[PDB]
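A.B. asks: Residue numbers (the deposited numbering), protein chains in the order written: chain W, 1 to 63; chain B, 2 to 395; chain V, 10 to 140.
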Amino acid sequence: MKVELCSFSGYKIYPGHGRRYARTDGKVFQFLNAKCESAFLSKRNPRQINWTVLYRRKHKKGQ
Amino acid sequence: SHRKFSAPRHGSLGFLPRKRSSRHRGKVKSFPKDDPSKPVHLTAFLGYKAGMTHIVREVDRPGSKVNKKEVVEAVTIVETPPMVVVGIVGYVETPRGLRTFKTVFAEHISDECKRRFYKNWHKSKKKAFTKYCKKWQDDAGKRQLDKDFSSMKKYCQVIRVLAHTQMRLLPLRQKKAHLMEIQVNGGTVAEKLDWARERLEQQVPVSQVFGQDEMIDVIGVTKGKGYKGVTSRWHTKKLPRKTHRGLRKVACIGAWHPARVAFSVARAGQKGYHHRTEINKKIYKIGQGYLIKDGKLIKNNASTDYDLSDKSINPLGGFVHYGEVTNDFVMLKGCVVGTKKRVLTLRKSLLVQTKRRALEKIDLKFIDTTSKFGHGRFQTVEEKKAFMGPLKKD
Amino acid sequence: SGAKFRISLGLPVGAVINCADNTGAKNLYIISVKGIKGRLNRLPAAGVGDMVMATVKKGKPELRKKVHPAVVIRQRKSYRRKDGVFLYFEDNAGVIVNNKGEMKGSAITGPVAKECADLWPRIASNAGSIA
RNA sequence: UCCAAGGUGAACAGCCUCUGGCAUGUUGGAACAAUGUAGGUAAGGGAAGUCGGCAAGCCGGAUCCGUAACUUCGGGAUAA
RNA sequence: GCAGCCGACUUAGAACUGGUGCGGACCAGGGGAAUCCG
RNA sequence: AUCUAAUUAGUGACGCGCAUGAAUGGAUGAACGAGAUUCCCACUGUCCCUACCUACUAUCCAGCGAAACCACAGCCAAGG
RNA sequence: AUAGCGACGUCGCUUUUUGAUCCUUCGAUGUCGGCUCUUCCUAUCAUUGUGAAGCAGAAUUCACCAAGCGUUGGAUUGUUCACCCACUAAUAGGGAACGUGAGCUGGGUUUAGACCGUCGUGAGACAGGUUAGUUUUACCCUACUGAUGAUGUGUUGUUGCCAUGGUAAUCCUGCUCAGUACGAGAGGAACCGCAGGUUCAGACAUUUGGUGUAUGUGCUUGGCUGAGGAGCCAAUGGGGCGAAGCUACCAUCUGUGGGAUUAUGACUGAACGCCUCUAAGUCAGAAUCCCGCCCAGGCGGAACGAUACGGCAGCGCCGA
RNA sequence: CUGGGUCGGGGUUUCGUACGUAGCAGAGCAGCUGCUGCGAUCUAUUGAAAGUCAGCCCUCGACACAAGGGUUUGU
Ligand SMILES: [Mg+2]
Ligand SMILES: [Mg+2]
Ligand SMILES: [Mg+2]
Ligand SMILES: [Mg+2]
Ligand SMILES: [Mg+2]
Ligand SMILES: [Mg+2]
Ligand SMILES: [Mg+2]
Ligand SMILES: [Mg+2]
Ligand SMILES: [Mg+2]
Ligand SMILES: [Mg+2]
Ligand SMILES: [Mg+2]
Ligand SMILES: [Mg+2]
Ligand SMILES: [Mg+2]
Ligand SMILES: [Mg+2]
Ligand SMILES: [Mg+2]
Ligand SMILES: [Mg+2]
Ligand SMILES: [Mg+2]
Ligand SMILES: [Mg+2]
Ligand SMILES: [Mg+2]
Ligand SMILES: [Mg+2]
Ligand SMILES: [Mg+2]
Ligand SMILES: [Mg+2]
Ligand SMILES: [Mg+2]
Ligand SMILES: [Mg+2]
Ligand SMILES: [Mg+2]
Ligand SMILES: [Mg+2]
Ligand SMILES: [Mg+2]
Ligand SMILES: [Mg+2]
Ligand SMILES: [Mg+2]
Ligand SMILES: [Mg+2]
Ligand SMILES: [Mg+2]
Ligand SMILES: [Mg+2]
Ligand SMILES: [Mg+2]
Ligand SMILES: [Mg+2]
Ligand SMILES: [Mg+2]
Ligand SMILES: [Mg+2]
Ligand SMILES: [Mg+2]
Ligand SMILES: [Mg+2]
Numbered sequence: 001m002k003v004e005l006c007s008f009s010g011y012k013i014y015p016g017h018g019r020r021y022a023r024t025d026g027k028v029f030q031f032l033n034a035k036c037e038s039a040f041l042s043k044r045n046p047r048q049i050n051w052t053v054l055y056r057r058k059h060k061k062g063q
Numbered sequence: 002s003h004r005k006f007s008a009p010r011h012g013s014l015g016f017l018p019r020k021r022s023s024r025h026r027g028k029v030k031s032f033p034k035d036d037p038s039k040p041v042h043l044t045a046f047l048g049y050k051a052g053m054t055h056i057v058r059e060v061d062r063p064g065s066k067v068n069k070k071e072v073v074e075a076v077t078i079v080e081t082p083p084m085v086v087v088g089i090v091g092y093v094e095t096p097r098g099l100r101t102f103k104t105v106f107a108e109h110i111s112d113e114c115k116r117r118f119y120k121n122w123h124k125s126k127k128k129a130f131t132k133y134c135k136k137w138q139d140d141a142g143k144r145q146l147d148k149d150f151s152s153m154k155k156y157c158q159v160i161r162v163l164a165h166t167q168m169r170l171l172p173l174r175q176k177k178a179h180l181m182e183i184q185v186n187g188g189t190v191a192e193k194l195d196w197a198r199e200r201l202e203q204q205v206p207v208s209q210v211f212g213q214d215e216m217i218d219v220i221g222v223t224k225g226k227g228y229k230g231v232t233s234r235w236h237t238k239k240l241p242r243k244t245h246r247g248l249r250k251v252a253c254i255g256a257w258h259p260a261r262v263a264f265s266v267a268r269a270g271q272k273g274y275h276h277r278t279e280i281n282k283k284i285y286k287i288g289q290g291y292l293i294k295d296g297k298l299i300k301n302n303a304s305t306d307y308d309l310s311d312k313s314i315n316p317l318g319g320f321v322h323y324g325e326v327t328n329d330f331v332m333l334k335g336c337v338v339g340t341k342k343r344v345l346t347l348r349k350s351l352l353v354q355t356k357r358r359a360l361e362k363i364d365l366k367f368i369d370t371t372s373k374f375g376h377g378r379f380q381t382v383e384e385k386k387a388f389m390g391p392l393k394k395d
Numbered sequence: 010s011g012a013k014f015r016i017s018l019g020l021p022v023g024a025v026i027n028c029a030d031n032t033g034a035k036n037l038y039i040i041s042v043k044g045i046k047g048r049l050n051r052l053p054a055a056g057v058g059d060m061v062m063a064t065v066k067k068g069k070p071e072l073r074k075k076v077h078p079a080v081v082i083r084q085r086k087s088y089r090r091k092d093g094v095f096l097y098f099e100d101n102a103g104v105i106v107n108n109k110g111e112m113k114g115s116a117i118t119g120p121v122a123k124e125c126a127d128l129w130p131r132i133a134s135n136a137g138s139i140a
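The following block contains the structure:
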């Protein structure tokens, strides 16, 4: 297996789940589920979505 | 006039009486052919459907791309607590068929097995087999049934062990255990019978009935769908939108002069809850149930030699609509018939198989245990807590 | 040595797709799918890596009003790899080849699916990116 | 045929409310099968369906730009 | 030409701000090229 | 000839016109048309190829309750 | 002359063409096509097994057993027919009241409104063209699909047998064989393996996708409860995301073995001293047939369990 | 001394960070001589709040309930 990270949410992707996406200019992206996929397609910036690992890291929450 | 354009007919007439099954437990219509050369062994088992999940496994088949690659496959979990052998029944061939000759029952029968003999256990006085059981502790009964054993050995050609499941260990509402006759295939009738006579009132685990990476058959009852129209019962073509008296129908029933509706014409009616036997399902893993080993319990029955975790086969929050499985289970490739917590009959293969798919060895490297009650995200609670960190609830 | 696995097919007859080469054609009107027998009322459909017949509805004048073999290299319908990943691209696109297999053009713009690549070796040589 | 409130809004449009009125339009209860009648939503394709884009769907208000052929010189025109 | 006191809805411009959402419900023209006839 | 991959369709020409033709009006033509046709863009469950959801039915029950139709009636094959 | 054809003749079969007739129906059998769906025929296009070529291979002809299984997607036309484009293995032909309108549609024929051409003095006519033109009823009987139940075994229950019915799988590609056999060359096979796919069938929901009134959780328009908070109304207010459940070649899983034999090729072997597959006897033999696997389970049976109080009582077996 | 049922508690999961309070965070504006008010929004408490079987999983926490009722059947 190659356990790997979601492009938008930043969670952990397991072999059976998720969805792959290939843009016309390369840049293969990976999504945990339709939630993250729809956010990315609607071009939501992960920095302002609260439940995202990027948002938590940027706001220094946890640790 | 002929049809302008041909098309294969919808549905199959091989399953023609599309009626609700008269039975709820799958019936073994044909047991594997007997041969005295092989040693004695059972030929069938009873399990319960729990759910489905992934497996990641390495593929070994020269020629294809998946060779030396790893793929994910859907598997179905069947909980199979060990059966209890509570009788033996003999059969003799006659020119009119295969007639039953004599049944002999064990001295001790569990009340969970005696539930099957009553339509209302609550109001009953539970008097079943009370007078029959007295035949074992007196010399009159002992010499009554020993010559019966001798007569069965002399005149019987088929021996089937009457064994019942053990629903006390299942997380189900039902306490009335199922029971069935599992034919004994092995040597001659004498040893075939004096091998069951000590298996009487004893345990039979599935690990000694089936083996790994073996092709078996599953007999069960489909999920019921009730009264369904023709377009969903037979998957006929849907009529155009301009149709006046409905469009989910079949336009022409039949010609004129046959003067009757033929049995081959699709009609509305009952869909689902049919009896079905699907062959060639491959065992992937015969799991081991929970067991207490020196105080603590061993739970890692879903831990492979490539994963080395401590996760059980149960997903997070247990199997949806079934519960959690704690007994030895059987993992089958692909989907199987029936609904959740439905009883299934496992049957040994009727055919001799010499094929790459049949003889392929199986070596799993990952069993998915994420939650099925939604989009699961974490394999186990420990890793979920490690990723999340402390919460407000503590 | 290994034939392609079945993948979902989301390009029936009548679909116009991008032409990702330098032949000058900008459209590809799927006309029929090679190797399809079909049944009653069932439209022939093509997926990644399948040879089709196509016409150019927009492009260089000499490429129009004619029937060209073509190969589909990208599709937007999600298809499942045997390893268990569902993959789908941004657009439906193909290239123009002849019956033997080599491309009429010389270069391909954008990624090329692995199923197309390992099945048509000549296209994989010109493919800038893979999967 | 006469009388005609408040808000939104161009509006006596549609929607909500006050004064006044009414008890769901000649019956109720329990289920939520098929087939209907009336509404919706659908991956990828986009008329390949059909005699025929029938039906449904797209557009839609207002402000600022821009607006062709043709013309009976007025229009076309809310062109696009 | 100024000072004071009252005032009715408009129009334009700017900053800030929201997960690009803003005629958010309701109301509310699909478009173009041609032929026949009137 | 053009339109399409493919056109008994459409448009533009050709005219020997079975049987066109000048107030039994000929030709054209802006604007208009719940008029008749063809093509293109956009859009879509028309279709590939179906699925799911909602409301009222249908369903069962309490009460209440007709009508069309009816020689006698109602399982088939062949024969005459 | 007879691989393949076949003149001049001559004998037949079929009722999927048209005729001929007028037997039934005029107190009405709804009159073209298309859509949908089932079954049947073989005069076999492909596939299985064969025999013959002017069959070297490849390709292609002719013939036999044979209808098990397939026989497509579109432009033009109301079409049936026809033609073309493309794929395919093949795009064979037909019947069932020219199958099928209380199944649809109504484009065409075939009412009443109109227009034109020809004909007529005229009203009007035209298997000439054009445009618009209400498609009713099942709750009865049967058939069919499913659902209770009845029938005997003393009453009930559990486990079972199978008489009978139904029946299902199909075709292709790639690799290897092999650039080999064959052939001067160009070209160019086959079996056995291996990997897949088409059509069909039976399931199923881990995963992907669809639905979504858990009316679950945010957002938001107009109004309303004095305001905040909390909410509500707009026949589901609208719009994101969405559990469960249903559900898609739009996801995933599975799809089988024998027997007697047909065509044909043979063995031994007479009739007919030799010869002969046939006369007696024997062999191989297939998408055919039958059965198995699979679905249902008979006014059809089997084995086994328990068999009606403690105030009454009902029962079972025995007392030749 | 066992059983289910209701409620509660955990598990899972959906959405996305609640009310209140605090902030020298806030385009700015008004009043009082730096202070006080209006102010969409932002930050912290806050992966918070809410829902979660009705056909999800476990409980051994609380509560009451459960030795019933009716009609039949004989070799
Ligand atoms: Mg046919
Ligand atoms: Mg209608
Ligand atoms: Mg789930
Ligand atoms: Mg069709
Ligand atoms: Mg009402
Ligand atoms: Mg009322
Ligand atoms: Mg009234
Ligand atoms: Mg009414
Ligand atoms: Mg769609
Ligand atoms: Mg879409
Ligand atoms: Mg068509
Ligand atoms: Mg319309
Ligand atoms: Mg215009
Ligand atoms: Mg003209
Ligand atoms: Mg007019
Ligand atoms: Mg057309
Ligand atoms: Mg013309
Ligand atoms: Mg004249
Ligand atoms: Mg004149
Ligand atoms: Mg005239
Ligand atoms: Mg009633
Ligand atoms: Mg009739
Ligand atoms: Mg009649
Ligand atoms: Mg024949
Ligand atoms: Mg009829
Ligand atoms: Mg008409
Ligand atoms: Mg008329
Ligand atoms: Mg009724
Ligand atoms: Mg049979
Ligand atoms: Mg799902
Ligand atoms: Mg979803
Ligand atoms: Mg879902
Ligand atoms: Mg508020
Ligand atoms: Mg109203
Ligand atoms: Mg959604
Ligand atoms: Mg044989
Ligand atoms: Mg012979
Ligand atoms: Mg033989």
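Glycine included, each C-beta is placed from N, C-alpha and C at the ideal position.
Could you please give me the residues that DSSP links to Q203(B) through a beta bridge?
C.D. replies: Looking at the DSSP assignment, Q203(B) forms a beta bridge with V86(B).
A.B. asks: For a minimum of 4 consecutive residues, which ranges assigned as the alpha helix (DSSP H) are wholly contained in the region 81-166 of chain B?
C.D. replies: Entirely contained in the region 81-166 of chain B, the alpha helix (DSSP H) runs reaching 4 residues are, in chain order, 112-115, 140-156.
A.B. asks: Which one of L99(B), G255(B), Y92(B) has the shortest CA to CA distance from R4(B)?
C.D. replies: It is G255(B).
A.B. asks: Given that residue 141(V) touches chain W, what residues does it touch there, using C-beta distances under 8 Å?
C.D. replies: Within the shown structure, residues of chain V are numbered from 10 to 140, placing residue 141(V) beyond reach of any answer.
A.B. asks: Starting from the C-beta of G68(V), find all residues in its chain whose C-beta is less than 6 Å away, skip the five residues before and the five after it, and write them out in chain order.
C.D. replies: Taken in chain order, the residues that qualify are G33, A34, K35.
A.B. asks: Would you check if the distance between the CB atom of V344(B) and the CB atom of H179(B) is smaller than 9 Å?
C.D. replies: Yes, they are a contact pair.
A.B. asks: Suppose only complete runs of 4+ residues qualify. What are the alpha helix (DSSP H) ranges in the region 74-136 of chain V, listed by chain order?
C.D. replies: Whole alpha helix (DSSP H) segments, 4+ residues: 123-128, 130-135.
A.B. asks: Could you please tell me which residues of the region 60-83 of chain B, in chain order, have their CB closer than 8 Å to any CB of chain V?
C.D. replies: So the list reads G64, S65, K66, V67, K70, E71, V72, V73, given in the order they occur along the chain.
A.B. asks: Give the list of continuous beta strand (DSSP E) stretches no shorter than 3 residues that lie fully inside the region 268-342 of chain B.
C.D. replies: Taking only runs of at least 3 residues, the beta strand (DSSP E) segments lying wholly in the region 268-342 of chain B are 270-272, 276-287, 330-334.
A.B. asks: Taking 7 Å as the limit, name every residue whose beta carbon sits nearer than that to some heavy atom of ligand 2, in sequence order.
C.D. replies: Taking each Cβ in turn, the ones that pass are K243(B), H245(B).
A.B. asks: Report all residues from its chain with a CB closer than 8 Å to the CB of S350(B); omit the five preceding and five following residues, and keep chain order.
C.D. replies: The residues are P33, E215, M216, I217, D218, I280, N281.
A.B. asks: Spell out a yes or no on whether the region 180-200 of chain B and the region 88-105 of chain B are touching, meaning 3 or more CB-CB pairs, one atom from each, closer than 8 Å.
C.D. replies: With the cut-off at 8 Å, the region 180-200 of chain B and the region 88-105 of chain B touch.
A.B. asks: Does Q184(B) come out as helix, strand or coil in the three-state DSSP assignment?
C.D. replies: It is a strand residue.
A.B. asks: Between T371(B) and chain W, is any beta-carbon pair separated by less than 9 Å?
C.D. replies: Closer than 9 Å: yes.
A.B. asks: How about the region 286-300 of chain B and the region 16-26 of chain B: do they share at least three Cβ pairs that are nearer than 8 Å?
C.D. replies: The region 286-300 of chain B, when compared against the region 16-26 of chain B, does not touch it at the 8 Å Cβ threshold.
A.B. asks: Near ligand 3, which residues have their beta-carbon less than 7 Å from any of its heavy atoms, given in chain order?
C.D. replies: Residues flagged by the Cβ proximity filter: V321(B), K373(B), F374(B), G375(B).
A.B. asks: How would you list, in chain order, the residues of chain W whose beta-carbon sits under 7 Å from the beta-carbon of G390(B)?
C.D. replies: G62, listed in chain order.
A.B. asks: Measuring only between beta-carbons, confirm whether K238(B) sits less than 9 Å from chain V.
C.D. replies: Yes, its Cβ sits closer than 9 Å to a Cβ of chain V.
A.B. asks: For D25(W) and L20(V), I'd like the C-alpha separation in whole angstroms.
C.D. replies: If I take the Cα positions, the gap works out to 22 Å.
A.B. asks: Among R246(B), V326(B), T232(B), whose alpha-carbon lies nearest the alpha-carbon of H11(B)?
C.D. replies: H11(B) has its Cα closest to that of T232(B), out of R246(B), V326(B), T232(B).
A.B. asks: Strictly below 7 Å CB to CB, what residues from chain W border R378(B)?
C.D. replies: Simply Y11.
A.B. asks: Give the DSSP-derived three-state secondary structure of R47(W) in the structure shown.
C.D. replies: It is helical.
A.B. asks: For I368(B), count neighbouring C-beta atoms within 10 Å of its own C-beta (all shown protein chains included) and say buried if the count is 16 or more, exposed if not.
C.D. replies: With 16 or more other Cβ atoms within 10 Å, it is buried.
A.B. asks: Classify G390(B): buried if its beta carbon has 16 or more other beta carbons within 10 angstroms, exposed otherwise.
C.D. replies: The residue is exposed, with fewer than 16 neighbouring Cβ atoms inside 10 Å.
A.B. asks: Name the two residues that bound the continuous beta strand (DSSP E) containing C28(V).
C.D. replies: Element bounds for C28(V): 25-28.
A.B. asks: Spell out the partners DSSP gives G227(B) in its beta bridges.
C.D. replies: Looking at the DSSP assignment, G227(B) forms a beta bridge with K272(B).
A.B. asks: Kindly list, in the order they appear in chain B, the residues whose Cβ is closer than 7 Å to that of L49(V).
C.D. replies: Under the 7 Å cutoff, chain B gives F6, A8.
A.B. asks: Out of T44(B), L43(B), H55(B), which has the shortest C-alpha to C-alpha gap to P316(B)?
C.D. replies: Per the Cα distances, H55(B).
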